[PDB]
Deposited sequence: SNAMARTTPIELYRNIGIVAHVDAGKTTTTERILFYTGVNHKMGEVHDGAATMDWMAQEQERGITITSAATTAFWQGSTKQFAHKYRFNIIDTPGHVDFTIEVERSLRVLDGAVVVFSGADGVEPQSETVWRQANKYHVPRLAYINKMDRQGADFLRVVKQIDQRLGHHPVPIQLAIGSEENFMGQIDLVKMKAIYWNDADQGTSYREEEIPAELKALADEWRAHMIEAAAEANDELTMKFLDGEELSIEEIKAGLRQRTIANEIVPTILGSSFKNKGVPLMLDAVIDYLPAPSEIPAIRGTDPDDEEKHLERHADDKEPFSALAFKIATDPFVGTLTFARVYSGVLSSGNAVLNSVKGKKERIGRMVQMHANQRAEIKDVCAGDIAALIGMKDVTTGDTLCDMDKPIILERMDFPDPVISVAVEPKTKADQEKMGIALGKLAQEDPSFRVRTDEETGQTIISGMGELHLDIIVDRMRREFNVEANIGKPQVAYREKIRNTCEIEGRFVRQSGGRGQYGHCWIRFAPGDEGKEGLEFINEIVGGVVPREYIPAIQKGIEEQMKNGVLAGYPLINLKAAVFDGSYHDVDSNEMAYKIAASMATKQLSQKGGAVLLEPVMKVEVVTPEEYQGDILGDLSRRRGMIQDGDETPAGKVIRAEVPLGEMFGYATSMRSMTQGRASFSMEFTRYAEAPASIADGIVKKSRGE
């Protein structure tokens, strides 16, 4: 049959650890113990092979920096359970609190691995409190530390209530079970009470056994912590030293014991390919219609392009014809492969909750959905703010023009957050992105990986436009030079769209009027076409409301094209009668700084035409929130580092567009237009 292993034995996990937390060492140690790419499949039957069946682990590689928010979001939808790794000395860093909140947004069950207990300043219970106070979750330690820093030897398994020491003989692969030292028995009982009390709340059956004063069994306690972890109500917290080889194996047992299988988490959410406002879902079952997400597009030197796909429902098989719901084009599934630690296992059937790499995919971009052509769905669409910043790139030679095209094409497949266009007005290639850093990365990879020699302009703000005056304009396009004529005529009432709405909200008020129905769509298409070219300074209108209330028709000269042009001419007059204003992208800035530099940051954000919002107070770090125009945030990283001696950190993301002041506006309006 197509299914090879029960779904209950799958574990789609991702190690979520930031700079200086032990990501690389921990990931390399996992592939080591399991032995005795975007996604690696490994097997694990327990530290002591104490489990009846051999579980299949799909290690999903998560990004190192929160900077790219959609990259982190996508990885959290691919993994089912996450192993958040923190430094026992550094504790909870701000780059950890960011991915943690996004994890809550996708109800991602998770384990907390307090790594590096051998380094100085290491304190397990100290980091546990931060998860409860800062991250605001409910950590449930199932282990305690034995020895501090250089004297760290192992942990105490609160479920077995027996000390765990690691034998360096076989590189910490095995361990010995001794009794807990009397100097920690008192502390062990205290946290075992909180563990059992936390597991008892799982269901009524365990809660009643707890209130009766009956001691819960090892299986009952684990079943309780599991139900609460899968419900994201607690976080089994374990500890160890990946570099010293002490704790990793128990951390792999915890994945089986408390992280969920692809069928124990909520169904994947999606939308109808023909309607963005129609929400659908897919259950983790081989019987349900096929749906998969291309979460990563890598390059390989032996099989070529590798499109890594996460199958949420149905079965993906070689030879099957699936649909690319985002492009609306059919795809023929060819060879498929699963990346192992050392091997590269070829396969032809990938069932629900499993992951595999697809070979020879024509036109598949990261974030695209592969699904059944009879019952299609889009698992990831929009949710991306249009590019807020752009840079003009021009190749020095013709050889750079062809090479630049190939480079942006492949870079576009890996990163869908950036766009490319040719400015026919200046004949320069314009690349648009989410920020200065994002464009610097695209330009850097284009020069190093594709050898593209080119000149780049300074970053430009991706301005927009909108109207405020409600006015009625006449669209007229007439010509009859000879025995052939063209006739397009329509009166349109323009008005500002509601804040939040995108595109055009067109309304036909002359339903069954003199202007035939088949031309109405052409009038709408004509307005939308001019909205992209702009009306004030060549920038596109965010939204608009148009209503055709009158017009005329010619029995022989009227055609869809004549009305489309007529509608465009009426929209071009929206520059005077509309009283349009230039809009600029505003970013939601959040700065974490010691109380000492709060004033310097507040004054600087205010200087950047920023709008200060309510600020919070965190452990030894004030949280300063503000809404600042992107154009005033160029080089903020450098400014923040000077004013805070590199002690402060910040993050910003698009929030909305806002009218730019006259100072900037006037200059940009008279830059090319008038």
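Unmodelled regions of the deposited chain sequence (numbering from residue 1, in sequence order): 1-3, 40-67, 706.
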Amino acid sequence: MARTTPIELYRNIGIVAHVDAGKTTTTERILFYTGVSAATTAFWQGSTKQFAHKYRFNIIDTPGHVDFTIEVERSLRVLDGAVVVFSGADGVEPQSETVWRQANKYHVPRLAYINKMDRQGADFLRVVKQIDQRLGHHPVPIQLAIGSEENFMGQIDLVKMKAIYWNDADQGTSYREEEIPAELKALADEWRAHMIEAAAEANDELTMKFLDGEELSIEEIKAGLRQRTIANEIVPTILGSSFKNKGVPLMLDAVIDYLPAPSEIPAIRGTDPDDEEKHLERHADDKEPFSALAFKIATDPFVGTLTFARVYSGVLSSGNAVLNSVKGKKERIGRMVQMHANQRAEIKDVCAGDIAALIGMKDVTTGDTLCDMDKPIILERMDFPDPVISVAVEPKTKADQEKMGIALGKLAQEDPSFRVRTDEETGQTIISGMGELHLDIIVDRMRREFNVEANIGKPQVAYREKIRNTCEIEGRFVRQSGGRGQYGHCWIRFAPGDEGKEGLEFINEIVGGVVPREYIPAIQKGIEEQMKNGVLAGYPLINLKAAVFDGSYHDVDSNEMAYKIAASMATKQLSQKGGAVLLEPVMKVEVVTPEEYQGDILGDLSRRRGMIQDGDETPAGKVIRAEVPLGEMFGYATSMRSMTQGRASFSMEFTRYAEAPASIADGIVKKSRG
From here on, numbers count along this sequence of modelled residues.
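Higher mean CA temperature factor, per the PDB entry, when comparing 435-443 with 244-252: 244-252. When the mean C-alpha temperature factors of 372-380 and 539-547 are read from the deposited coordinates, 372-380 comes out higher. Residue set 285, 505, 264, 498: peak C-alpha B-factor at 498 (per PDB entry). Note on 638, 40, 644, 48: the highest value goes to 48, judged by CA B factor as recorded. Annotation for residue 113: C-alpha temperature factor in the lowest third relative to the rest of the modelled chain, per the entry.
Remark: residue 70 belongs to the highest third of its chain, ranked by C-alpha B-factor as recorded. The PDB entry assigns residue 661 a C-alpha temperature factor belonging to the middle third of its chain's modelled residues. For residue 236, the recorded CA B-factor ranks within the lowest third of the chain. Only modelled residues enter the ranking. The deposited CA B-factor of residue 509 belongs to the middle third of values across its chain.
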